[PDB]
Amino acid sequence: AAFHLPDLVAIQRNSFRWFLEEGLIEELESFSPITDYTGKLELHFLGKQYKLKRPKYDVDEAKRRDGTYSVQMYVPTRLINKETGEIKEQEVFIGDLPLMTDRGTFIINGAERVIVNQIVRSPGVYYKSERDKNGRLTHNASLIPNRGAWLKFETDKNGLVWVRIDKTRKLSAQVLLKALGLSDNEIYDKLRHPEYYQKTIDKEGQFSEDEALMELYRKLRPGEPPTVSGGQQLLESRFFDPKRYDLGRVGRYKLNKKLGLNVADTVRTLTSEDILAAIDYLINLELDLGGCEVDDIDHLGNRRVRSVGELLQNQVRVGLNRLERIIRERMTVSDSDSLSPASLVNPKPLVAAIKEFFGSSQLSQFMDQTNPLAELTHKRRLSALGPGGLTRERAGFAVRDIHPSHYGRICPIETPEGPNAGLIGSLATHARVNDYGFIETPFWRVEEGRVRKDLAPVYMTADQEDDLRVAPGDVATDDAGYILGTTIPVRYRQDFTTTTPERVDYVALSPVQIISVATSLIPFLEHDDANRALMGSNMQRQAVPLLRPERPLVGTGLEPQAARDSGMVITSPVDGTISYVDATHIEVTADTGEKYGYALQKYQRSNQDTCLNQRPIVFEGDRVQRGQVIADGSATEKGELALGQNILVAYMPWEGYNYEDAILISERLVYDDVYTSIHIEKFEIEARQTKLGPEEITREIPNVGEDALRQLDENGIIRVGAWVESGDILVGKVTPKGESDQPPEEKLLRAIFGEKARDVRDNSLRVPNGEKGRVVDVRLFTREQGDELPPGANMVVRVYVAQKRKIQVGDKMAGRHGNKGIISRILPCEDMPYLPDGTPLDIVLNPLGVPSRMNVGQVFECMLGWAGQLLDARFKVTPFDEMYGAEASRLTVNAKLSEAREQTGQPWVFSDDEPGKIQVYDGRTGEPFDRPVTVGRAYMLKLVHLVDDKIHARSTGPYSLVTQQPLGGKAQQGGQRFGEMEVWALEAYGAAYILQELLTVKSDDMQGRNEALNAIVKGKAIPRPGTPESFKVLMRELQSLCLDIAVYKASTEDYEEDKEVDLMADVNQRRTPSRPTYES
Amino acid sequence: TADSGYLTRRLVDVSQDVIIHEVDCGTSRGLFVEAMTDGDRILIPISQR
Amino acid sequence: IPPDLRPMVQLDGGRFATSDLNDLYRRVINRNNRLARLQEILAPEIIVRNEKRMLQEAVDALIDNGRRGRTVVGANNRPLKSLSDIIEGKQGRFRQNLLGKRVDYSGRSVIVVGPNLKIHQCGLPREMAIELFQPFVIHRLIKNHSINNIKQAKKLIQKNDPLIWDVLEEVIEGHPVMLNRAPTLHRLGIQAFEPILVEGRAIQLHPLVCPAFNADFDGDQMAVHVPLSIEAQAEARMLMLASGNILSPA
Amino acid sequence: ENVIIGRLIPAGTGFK
Amino acid sequence: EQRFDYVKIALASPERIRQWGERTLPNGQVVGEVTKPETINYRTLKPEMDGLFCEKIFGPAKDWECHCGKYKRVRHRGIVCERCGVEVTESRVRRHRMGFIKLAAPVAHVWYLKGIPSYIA
DNA sequence: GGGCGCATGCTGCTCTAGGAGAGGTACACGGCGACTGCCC
DNA sequence: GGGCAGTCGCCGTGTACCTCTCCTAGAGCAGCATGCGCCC
RNA sequence: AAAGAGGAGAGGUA
Ligand SMILES: Nc1ccn([C@@H]2O[C@H](COP(=O)(O)OP(=O)(O)OP(=O)(O)O)[C@@H](O)[C@H]2O)c(=O)n1
Ligand SMILES: [Mg+2]
Ligand SMILES: [Zn+2]
């Protein structure tokens, strides 16, 4: 009974299942007969068999060694001759296909990747009307296929019908109708207003088949000599060849639905009846029949969703088309016998196409794996960009707006806040996609005024419900039966109206049917602003998993499903007992007697260097049931999502530490290990083979002390369990290199005498600056071990380092209601305000920011959490709760607080004059504050923006090759850019020497840099600058364009002419090295 | 936000060479200044201008 | 053009990097050589005109790609970069390398609120300060507390001896620093302060200067610059010090 | 123009 | 005082273009014309002899070392090795020196043919 | 059975080229200057 | 002759910073290591 | 003595 929310990851699984079941078989059957140019020897593919091979590596092994999770495809073949007999048949290997993980992702080159869904136009026919600057209403029609060339029809201001093929000039429709082989009698039988076409016939003249073909050739191919057979060939290759034109099932279905035809579903090419019906519809629309309508292109009934299987089919098509030409060329060129089918197939283009699609495409994306919510959200995204979609620069403005047809199908809140805002969306919670590519939503039917809540809800599409009166999900019923009230709001013909409770047709299932998963986890959301809801949804996906997570006291009811539908919770499948529990293994024995075993992940790494860990919940000998949780992941409590913690909060100002959205916290949050997280990083090294000689991984590192080799072992690899700081040696690598930078006399004398020594260089692997932690895993891969190393390499080493991080000053914290801040101070617990119980507070927030940001749901949440903690109740509330009353939330909170006060027996926990306020004392002096303040329990999170990954400084480093300016980037010791706005500010101030020193000495004056550095070191004055390098580069670039540009010196006296100055010459006899150095 | 940036770049480019170079030019020409009103209400007084 | 402005680059292990000017120059040279060879052996004068046309098109593509006819396309369907594309637009030479630059002796970090400060003071973390003031510290280590040479001072700094902090505490006394926030809409977006060393990894800012910068303490970051010469220090002290900006220029 | 070639701007302290 | 006073731009004649990228040697020969679409050798990473990266036209690729590896050191102040023609100096000269190509047939500059005003027309 | 000779798939060196579309098309929006039609 | 009016093509569209991946081209020709057949 | 070369996509923060 009732309604159960279905799986949230059904799109990807359904798409891949459809691909495997039908797409490959249908695709392999569209090119099976391959012929040579002249005669016999046809090649055939039996595509229905298509066997698959078991993968060689599992998911964990593939991720360990940076591999790919894939299978191999084998398809039987056959080569006949029919002239001398001797049929041949064997099995052909066509390539390898990546496999889908049961979580719905792909493993490519050791990385998790996702494929997003695309929103595109639907194939079919569309009509439009437009007005000129002088009136003169005009009509157009456009026919769009799944793949091929479009068709266009237009009406003129005089009453003439024109045809525009692809991108050619206008054409009379008579030539196109006659070239198809239609007489005037059959043309007049399909037009309902034949006197309208007479004008076109008269003003454009009559044509025969051959004359029409000649005219078609003339206009389509200007310059070439016309020919009847030629024009016939263009027509056939344009609109009738089933290799360059495709309608699709959806296209044929839409054409039949719109134009009212009954053509069979197996025809996927244009016919004459379709063109005649389109012209008839255009004519009838012009003459205002009243039963013909124009089309809206933003309507969700005219748009389609494309998923992974449909996108893979096209790449398979391109690869097979590329392979077929090679097959034919090899079949014709060779003139020998024993041409085996296995020797006629070159599976290079297919493999290349599949690899390019899965590795370097726009819709294949690096998956977001900060926490389970982000991973779940990434899989349900809809994108309007990509091949066949739109472009950021060429996108208009109607595509970034909200349409009335989006309700219940696309969330109107979750969207990016950057340059691509309004172009990427999220699927709604209750939405689903049918077998044509359109989105449906469910409703309940009503009869005479009673909601039938036990009658198998009806799924409807955007165009099906345009002619019915549909009510929202907040309509209140007496006993789940009759609709109360006398004026019910409804939607009719894409308009909000009101009607009596007897003309209603359907009702939505839930009040939260309009939003997405992330937005559905915010309680008391109807008391906030929409922008703050968007910010809260965005910030909920940036939380870090904690050491010991906690589920919220005040929830919404969707946490268990969100935790379950992402794939880290293990549940008992039978009704038995527990036989064996261990930190890495759980066994379940049922009542019958069979056993089930599970292994658990332990301290693994995610895409964003977070932690994935599983722990048991049950004990030995416990009695379990079906569906009970026995283990959980890193960011989940016992079956529920848990991202933050519940802490004590008061709303009042401190001594300036809450000034502008800053946060003051206590020291208990540090030494009690609250908000402490674990991070894991990976380092890699390889041993190549240079032309001079192979490099070696060894321990004998030239010119290094003994204290730098304590932790290495035999080979020269760090030991597991060691503590490393910056500069430590992880893997010792030495390169045999013969650099020539010394006088050859000593080298030749040593070579002749002998005494072979170390002529090598040291470039070993060291940990970067600002890193420390424990070594937890070392993996070594070599040859002679069945390992697939990159070409030109002999050994690969991987090291894993783990770290624990606590909260500190400069870290970002946030809640679920759009409130964010930065920690500015940590206080000892004897200095914080305390309660009449004597308990110090945990965090102090400024009230000034509550009414300015217009997010007052946090006060409701805190006041409910206070009572929840005092009662041990853990309430759950559904949004839009005012349909049962007028002050539902306030009354609920007040009742809970009064009940808690009565139960605990402490009269100070609730007050009647100030319902939400308590008295608070000062921990420094012991004096109470003037007025009571607001105290509660808040659910807070810690984000991934930590100050440890943001501090950077530079004095001198690398420079660019061309412009000789400092490099840019944190990862390569880069400098900060001084843009033109800062130059404007410095010019407005009047400081000229600062600007001049910034522009020349500190950026690219190759000689002045060293002079300045050495003058500073020696304590003398800084000499005057010269000319920057970029000006000389610009002068050379301008001269390369054959322009005579030069600098001149004015003539002081006499008739002597001005003299050209050589800028690229040395003035002073001093050295100019590439980088500043300390001389002596 | 691109429109305002384009406008301010054009404004900066049109008048980047106006610099005080002279002390006095000896001119009797000038402009007339009064208050900014809308009907009988003063939006901007004459003392501020 | 000189060869050092179009470098070849020796990454890729065994292959080489791609530069677009070299391809156009090679095409021009190839067409010229073919035309000369054809002209030498007295070819029929219907094949020579073809080579002349292709040479003209190649030179046109080298000068300005896509100005007249079709555009030359590299490996993927991506047009090449000609000589006129280097000096043309927002990413050209003029607006990227001449009117703005990257600089040395600069830093960047997150900002927190510091009360109990003076309006002309700021708080600088020690990790940033030890890097931004290196030559002055080296000079003071050589002059006072006679060490020996530069190498010993660098070893002392790297080893993190406690003396370098005592030296740095008095190197920075009296030396102004410049602070900037990313959108600089007017001249009050850059200002000069006097630094004091603090423990942590965030910069402390006086609450009374926030509205001029338009900054709040919920995620913003700031950039720090250090003057070098005596004239620059005098200008920073007497023209841009944050305690002398009382009224608005507008 | 003095910015592009790297000279003292004719305004402020670089007036003369 | 100042090194220069003003900048001037004008049209370029073929004589000036030839003068930009032509230098003589104490042998009687002239260098500066590129006649091969070759950059560097694949086996040993050294430039070719008459291509786009030649050392006789643009300069040495290593400081105070000629191409044939027979003259070295700094005591020479601008002598030229008489086996390959490479001058012995620093490699910074590779940032200034220019070359030129002589065309078999004349061609038209596209800036003066396709413009908002057409000067040839 | 076994060593040797030949066919053959695999793969790295080389060079050369470099043209012209195949079709990835139909796909933003405003301001200003330079040709061309069809009439008075 | 004298145009108006219409159409087509080129120019332009804020600032700083952080992380992840893939690619420097592609086909012909010859060297080589392997598999398989052959004669004793 | 040595040490990073550019380019193209995708996603974020003020
Ligand atoms: N496209 C953008 C977005 C943001 N900003 C800068 O970032 C600021 C945004 O500040 P933010 O903290 O996001 O919001 P506020 O308006 O300050 O509001 P509040 O802090 O109260 O949320 C802008 O004022 C501006 O300085 C910008 O320059 N360009
Ligand atoms: Mg803010
Ligand atoms: Zn030599």
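Numbered from 1 within each chain, the chains take letters A, B, ... in sequence-line order. These values consider heavy atoms only, across backbone and side chains, with no hydrogens, waters or symmetry-generated copies.
- Nearest heavy-atom pair, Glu1037(A) versus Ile1(C), reported as atom, atom and distance to 0.1 Å: CG-CD1, 4.1 Å.
- Rounding to the nearest 0.5 Å gives a distance of 9.0 Å between CD1 of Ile111(C) and CD1 of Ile822(A).
- By the 4.0 Å N-to-carboxylate-O rule, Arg853(A) lies close enough to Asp218(C) to be salt-bridged with it.
- Closest of all the heavy-atom pairs between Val112(C) and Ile823(A) is CG1-O, 3.9 Å.
- Between chain A and the residues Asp4(C), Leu62(C), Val110(C), the most heavy-atom pairs under 4.5 angstrom are made by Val110(C).
- The minimum heavy-atom distance between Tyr989(A) and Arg187(C), with the atom names listed, is CE1-O, 3.1 Å.
- The contact between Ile190(C) and chain A is made by backbone and side chain atoms together, counting heavy-atom distances below 4.5 Å.
- Panel note: side chain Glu980(A), backbone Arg95(C); no donor-acceptor pair is recorded below 3.5 Å.
- Distance check: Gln96(C) CD to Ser1030(A) OG gives 11.5 Å after rounding to the nearest 0.5 Å.
- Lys101(C) contributes no side-chain N or O that, together with a main-chain N or O of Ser1003(A), makes up a donor-acceptor pair within less than 3.5 Å.
- Residues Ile994(A) and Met178(C) meet the side-chain proximity criterion, which asks for heavy atoms closer than 4.5 Å.
- Of all heavy-atom pairs spanning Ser84(C) and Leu1041(A), the tightest one is OG-CD2, 4.0 Å.
- Residue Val137(C): no heavy atom, backbone or side chain, is found under 4.5 Å from chain A.
- Residue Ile230(C) qualifies as open at atom CD1: its count of foreign heavy atoms under 6.0 Å is 12 or below.
- Contacts of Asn97(C) with chain A are made by both backbone and side-chain atoms, with heavy-atom separations under 4.5 Å.
- If you measure heavy-atom distances from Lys151(C) to chain A, you find no contacts under 4.5 Å at all.
- If you measure heavy-atom distances from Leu98(C) to chain A, the contacts under 4.5 Å come from the side chain alone.
- The part of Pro115(C) that comes within reach of chain A is its side chain, from C-beta onward, which places non-hydrogen atoms under 4.5 angstrom from that chain.
- Atom CZ in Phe217(C) sits 13.5 Å away from atom NZ in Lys820(A) (nearest 0.5 Å).
- At least one side-chain heavy atom of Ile150(C) sits under 4.5 Å from a side-chain heavy atom of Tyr1078(A).
- Closest heavy-atom contact between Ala991(A) and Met240(C): CB-SD, 4.4 Å.
- With a threshold of 4.5 angstrom between heavy atoms, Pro135(C) approaches chain A through its backbone and through its side chain.
- When the candidates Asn149(C), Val103(C), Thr184(C) are compared by the number of heavy-atom contacts under 4.5 Å with chain A, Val103(C) comes out ahead.
- Using a 4.5 Å cut-off between heavy atoms, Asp64(C) makes no contact with chain A at all.
- To the nearest 0.5 Å, the span separating NZ on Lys1002(A) from NE2 on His225(C) amounts to 8.0 Å.
- Looking at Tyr959(A) and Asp104(C), their side chains come closer than 4.5 Å, going by heavy atoms from C-beta outward.
- One distance of note links CD of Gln976(A) with CZ of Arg108(C); it measures 5.5 Å at 0.5 Å rounding.
- With a 4.5 Å cut-off on non-hydrogen atoms, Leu99(C) touches chain A through its backbone and its side chain both.
- Using a 4.5 Å cut-off between non-hydrogen atoms, the part of residues 123-132 of chain C that approaches chain A consists of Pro125(C), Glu127(C), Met128(C), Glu131(C), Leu132(C).
- Interface residue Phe94(C): only side-chain heavy atoms are found under 4.5 Å from chain A.
- A distance-only check finds a donor-acceptor pair linking the side chain of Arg102(C) to the backbone of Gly975(A) [under 3.5 Å].
- With a 4.5 Å cut-off on non-hydrogen atoms, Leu228(C) touches chain A through its backbone and its side chain both.
- Side-chain atoms of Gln134(C) and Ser955(A) form no donor-acceptor pair, as typed in the model, at a separation below 3.5 Å.
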